[PDB]
């Protein structure tokens, strides 16, 4: 499993396609998201690839190491913690992320899991509430999609 793809869709105007490519011991995440309100939005990998109930069924962030919510560069982060994507004035966000924690194979494999883009920005668990240590206070799930094997 060296390439994956995800199509983000939801109940609103938010849409996008994310590409995953394994490079060395990292995964390179690229793509774009549209129909986003300007600014930052939490971008995470949720535990389940279950769409039965929309984005709600994806569960919490992928967290095999049973840690607290954090930023991508933090040591105490969920594996699904990719931090933030930033939409321009016209509501477009270009995704360009490199991450050593997520993987396309084995234990930390994200294939068959769900990618979610949130309503508010991710505080990286520095909010001071409890919530910050769980969710980053990213709010609602604007769009999501199952990560699948790509050519």
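Residue numbers count along the first chain shown, from 1.
- For the segment pair 139 to 147 and 7 to 15, the entry gives 7 to 15 the higher mean B-factor, averaged over Cα atoms.
- Between 81 to 89 and 56 to 64, the higher mean Cα B-factor belongs to 81 to 89.
- Highest C-alpha temperature factor among 50, 99, 122, 119, as the PDB entry reports it: 122.
- Taking the deposited Cα B-factors for 35, 70, 112, 106, the highest one is held by 106.
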